[PDB]
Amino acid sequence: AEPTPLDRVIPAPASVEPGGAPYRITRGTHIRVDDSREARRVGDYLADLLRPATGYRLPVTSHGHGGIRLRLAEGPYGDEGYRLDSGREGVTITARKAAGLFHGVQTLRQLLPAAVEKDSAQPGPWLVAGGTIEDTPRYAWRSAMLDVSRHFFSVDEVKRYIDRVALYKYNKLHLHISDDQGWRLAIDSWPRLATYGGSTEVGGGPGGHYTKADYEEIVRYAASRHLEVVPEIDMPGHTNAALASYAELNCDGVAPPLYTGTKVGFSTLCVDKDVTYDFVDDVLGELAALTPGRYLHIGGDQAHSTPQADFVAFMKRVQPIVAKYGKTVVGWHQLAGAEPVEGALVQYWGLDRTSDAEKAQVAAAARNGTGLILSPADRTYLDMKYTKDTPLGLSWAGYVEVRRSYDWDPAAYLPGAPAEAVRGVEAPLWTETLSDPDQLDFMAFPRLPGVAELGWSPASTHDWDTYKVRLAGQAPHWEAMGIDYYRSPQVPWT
């Protein structure tokens, strides 16, 4: 009978001005896109979302009057923002670019009743609160990571996770496609990596890998949901799958057995063998050809078997290879202490218990111009248990309930780091313990939207007490969408 309030959206929109009567979507509603082919793709995506639960035809049309209009226009919304106007006559989403229209659609779906997400016809009514939202993002780096190395996830399961992150306006998908327990991408020049290095996973199950066509399909689908794919080939540590596949990559020339455990820090590429850099060049060159995004993530975490000076020598030689293939380096924050090249970004995954000296090394790099991606392990690691009783996940970084994950400020977080060095945030989901897509959802939700809100919303909107009510408001939508989630006692679920 009553619309959801115009402000009950995550991320919190930059500006919300409620007023006037709601729009009611009915069988006469059309989706109008004018003559833009870019807007027509967004219109078709919206019609796909709405047709099952409404049962309405919802034709996507160039001309029309009233109804839902998606309009590309010059305006003050940048590359990702939009304005959404709703009243008795219709709803109009205006933006500079298709990504902004797409973000406005993600808001519109949160404004609609939870039953709109159902996959068969529902009664409605389909109300959208009256007023105007004007919305633009705080940070440009708003990313979610999936580890498909520890347990492998199929192309369709990666698409499903893309659809989860698209709900909350993430714009980057970091795929961790190599580790000790699996190598997940076909490399034509090193064909044993995928067939043998991809042949298993944590726990000894059958593993799998993406053919180049599978990977292209993941990239294409991600782009259709306005996610830029950031692939990671972790080096020089976390390389057992590669080392097990090619004896010659090992310092002693002996291939180790495939690894199906969960320990870390034991593996290393051979920093002083020429073949090591031919291998990296070949692999990063093939990956670049599949990567229309700007970045290649070279990892750099837990190289505990690589002495410091060898780690530095290795990264000095590898960073220029990323440049050669026309991309920007991203590494885990161990790179900060190993001469990051100009323009390289580092991903901070430390926690409150990380040494002060280690924090200061990252802060010094930031002060020196190195951009920071924040993903603290005791804040935004979605594989981290909520409490001691969580049946999945890890607790190496302690326990991370919903409020802990949300309630901090990226601009005022790492001591000594300039706020302008912070490019944004990431919510990584590591998979030592997760082996099916429902377990992924149970650990991703309900913290995933909170990290998206950190990336997107203005600092002035940040407030746990009001955010938790917006978060409780998502639960019926997730139930209609088939998403399992942790029902935290911190959140006032209805």
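The numbering used is simple: start at 1 and walk along the sequence shown.
Averaged over their C-alpha atoms, the temperature factors of 222 to 230 and 73 to 81 are higher for 73 to 81. Between 148 to 156 and 357 to 365, it is 357 to 365 that carries the larger average Cα temperature factor according to the deposited entry. Residue set 237, 125, 198, 90: peak C-alpha B-factor at 125 (per PDB entry). Between the residues 337, 299, 104, 182, it is 337 that shows the highest Cα B-factor in the PDB record.
Per-chain ranking of the deposited C-alpha B factor places residue 54 in the lowest third. Annotation for residue 254: CA B-factor lies in the middle third of the chain's modelled residues. Per the deposited record, the Cα B-factor of residue 32 falls in the middle third when ranked against the other modelled residues of its chain. When the CA B factors of the chain's modelled residues are split into thirds, the value for residue 332 lands in the lowest one.
In the PDB entry, a CA B factor belonging to the highest third of its chain's modelled residues is recorded for residue 408.
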